[PDB]
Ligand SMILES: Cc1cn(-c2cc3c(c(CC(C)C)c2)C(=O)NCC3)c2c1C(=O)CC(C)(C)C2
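First comes one chain, alone, set out as C-alpha cells in the form deposited without the ligand.
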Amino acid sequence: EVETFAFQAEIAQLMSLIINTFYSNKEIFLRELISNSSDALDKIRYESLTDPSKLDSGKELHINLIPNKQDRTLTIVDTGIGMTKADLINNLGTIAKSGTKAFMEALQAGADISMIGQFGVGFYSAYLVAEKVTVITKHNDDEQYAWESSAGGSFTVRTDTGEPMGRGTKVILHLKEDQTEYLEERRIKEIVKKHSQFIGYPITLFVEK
C-alpha cells in the first residue's frame, strides 16, 4: 500500500533549482546529510538524558557510509531520533517552506548553493548527485516507513517491510550515472575529511568486496 503526495510548490521549485542549475561543487551533499544525521543524533541523545529508556531501541550513536557499486547507491545511516510518518510527509521534519524562501532570496543576494544548510533544507542537496532518494526511518513513537522521490513533483510513503532498523534514518542515494565518484573510497574519505572532520559521532566508511 503506497501513498503518493505532491510536494508543496515551493519545495518542488527548490528541487528543480538544485537539479537544473549548473554548479560543479556537488560534493557538499555529503556534508549536508552528515550534518542532518548529527542533528538527529543530538536529539535522541538529549531525550535520553532524562529518560534512558529512549535508547532501548539502540544505545550506539553513530553514522555509517555504505557505498554499493553494484546497486550504484550511497547510503548514509544514522541511529538518531528518526522520523514519524507525519515528519516524513511534513518535508522530512524540516521547515522547508520558510527555509526555501530564505534560501532563494539569499541566492539572488550573493549566496550560493553550498550554503543551503544554513536554511534548514540541506537534505534536498541529495539531488545534486542522486536521480532517486529513498529514506528509511524508524522513530520510537511510530513504525518503520519508507519515503521515496525521483523529484518530478511527487513523493511516496509506505510502511517498510524491509530490514528492521531499531531507530534512526537511512538515506539511500541512487546516484546519477555520471556521479559514481561518490562510491570510491578515496573520494568519500576526502570529502569527510574536508567538510565533516569535527562531527561528534563516529563516521564509519564501509568498504566493498
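Shifts are known only where both forms have a C-alpha. Here the rigid core means the biggest group of C-alpha atoms that line up within 1.5 Å when the two forms are laid on top of each other. We number the residues from 1 along the sequence you see.
There is also a form deposited with the ligand bound; it is not shown, and the following applies to it.
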Backbone and C-beta atoms within 2.4 Å of 3 or more ligand atoms means blocked; with that in mind, superpose the ligand from its pose in the entry with it bound onto this chain and give open or blocked.
blocked
Consider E131 of the chain shown here, and say whether it contacts the ligand in the entry with it bound, taking contact as heavy atoms within 4.5 Å.
no
Hey, in the entry with it bound, does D39 get a heavy atom within 4.5 angstroms of the ligand?
yes
Can you check whether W147 is within 4.5 Å of the ligand in the entry with it bound, heavy atom basis?
yes
Answer with yes or no whether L74 is in contact with the ligand in the entry with it bound, where contact means some heavy atom within 4.5 Å.
no
Counting only non-hydrogen atoms and a 4.5 Å cut-off, give the residues of 112 to 126 close to the ligand in the entry with it bound.
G120, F123, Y124
What stretches, three or more residues long, have all their C-alphas moved by 2 Å or more between the shown form and the other one when the rigid core is held in place?
90 to 94
